[PDB]
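Step one of this worksheet: look at the structure below.
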Amino acid sequence: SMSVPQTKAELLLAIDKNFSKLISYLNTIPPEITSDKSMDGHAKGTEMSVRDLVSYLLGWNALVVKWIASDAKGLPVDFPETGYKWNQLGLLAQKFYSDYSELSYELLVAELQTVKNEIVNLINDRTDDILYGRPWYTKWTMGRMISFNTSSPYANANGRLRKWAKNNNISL
Ligand SMILES: [Ca+2]
Ligand SMILES: [Ca+2]
Ligand SMILES: [Cl-]
Ligand code: NA
């Protein structure tokens, strides 16, 4: 649907559309301002930087790749992550923050592009039946696990960046 992809084609489209927009925004923003803690954060009342936002996106995108790739190698997978429950997603996002705290904006953007390319490759190697035809992780399809961690967060990031750019001298 327009809300949540329900086919392989829709998933690829949402990724392509939302990521193309995101990368256009990330390539526009002067890197010199990407450490200002001037964006509203995920939890209300917090603040984050553009670099921090890229770090959060990278963590979710790397995670879904790790789930799929590890499963495909016949390895057990902890969801959402080893040591975390599904009601600890803020805590998990803070792991990403620490994981990537010393990485530059430029390296983060490059890494995000790399893992986005890898998720597209994983999708391309599969079919609609694999992605949407049956459950994969408990009640959820693989395709939904992918959009939940890629196209949906990309679109949220795009909206956050549009709002922020209005107060930071950036047209986009
Ligand atoms: Ca903001
Ligand atoms: Ca505050
Ligand atoms: Cl989703
Ligand atoms: Na989906």
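Taking the deposited numbering, the leading residue of the sequence shown gets 0, the next gets one more, and so forth. Cβ coordinates follow ideal geometry from the N, Cα and C atoms, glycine included.
Separation of residue j from residue i, as counted between CA atoms
| i | j | result |
| --- | --- | --- |
| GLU80 | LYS165 | 35 Å |
| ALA156 | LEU21 | 7 Å |
| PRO75 | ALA68 | 11 Å |
| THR27 | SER54 | 17 Å |
| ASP128 | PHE95 | 32 Å |
| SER23 | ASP35 | 20 Å |
| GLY82 | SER100 | 20 Å |
| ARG133 | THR140 | 6 Å |
| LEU62 | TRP163 | 27 Å |
| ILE32 | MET47 | 12 Å |
| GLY44 | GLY73 | 42 Å |
| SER97 | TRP135 | 30 Å |
| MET38 | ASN148 | 21 Å |
| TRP66 | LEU171 | 34 Å |
| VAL49 | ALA71 | 33 Å |
| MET1 | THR137 | 24 Å |
| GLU9 | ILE169 | 31 Å |
| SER19 | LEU11 | 12 Å |
Proximal residues to residue i (C-beta, below 6 Å), its chain only, five neighbours per side dropped
| i | result |
| --- | --- |
| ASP124 | none |
| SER150 | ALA13, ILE14 and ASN17 |
| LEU160 | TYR24 |
| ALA92 | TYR55 |
Contact set for residue i: own chain, Cβ-Cβ below 8 Å, skip 5 residues either direction
| i | result |
| --- | --- |
| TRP85 | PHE78 and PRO79 |
| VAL64 | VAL114, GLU117, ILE118 and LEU121 |
| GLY89 | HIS41 and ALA42 |
| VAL3 | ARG143, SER146 and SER151 |
Best match in the options for proximity to residue i [C-alpha to C-alpha]
| i | options | result |
| --- | --- | --- |
| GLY158 | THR45, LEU10, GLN112 and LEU25 | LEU25 |
| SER103 | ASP51, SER170, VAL3 and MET38 | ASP51 |
| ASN167 | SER146, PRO29, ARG143 and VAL3 | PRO29 |
Other residues of its chain near residue i: CB distance less than 7 Å, five sequence neighbours each side excluded
| i | result |
| --- | --- |
| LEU111 | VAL53, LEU56, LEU57 and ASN60 |
| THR6 | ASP127 and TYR131 |
| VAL108 | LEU25 and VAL53 |
| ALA154 | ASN17 |
| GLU105 | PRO30 |
Jot down the residue ranges of each uninterrupted alpha helix (DSSP H) in the segment 87-123, minimum 4 residues, whole runs only, in chain order.
88-98 and 104-123
Around ligand 4, Cβ to any heavy atom closer than 6 Å, ordered along the chain:
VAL3, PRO4, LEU10, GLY142, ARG143 and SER146
For ligand 1, which residues count as neighbours when the test is a C-beta closer than 6 Å to any heavy atom?
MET38, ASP39, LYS162 and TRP163
Of all residues in the structure, which have a C-beta closer than 7 Å to any heavy atom of ligand 2, taken in chain order?
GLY44, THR45 and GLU46
Secondary structure, beta strand (DSSP E): runs of 3+ residues fully inside the segment 29-75
none
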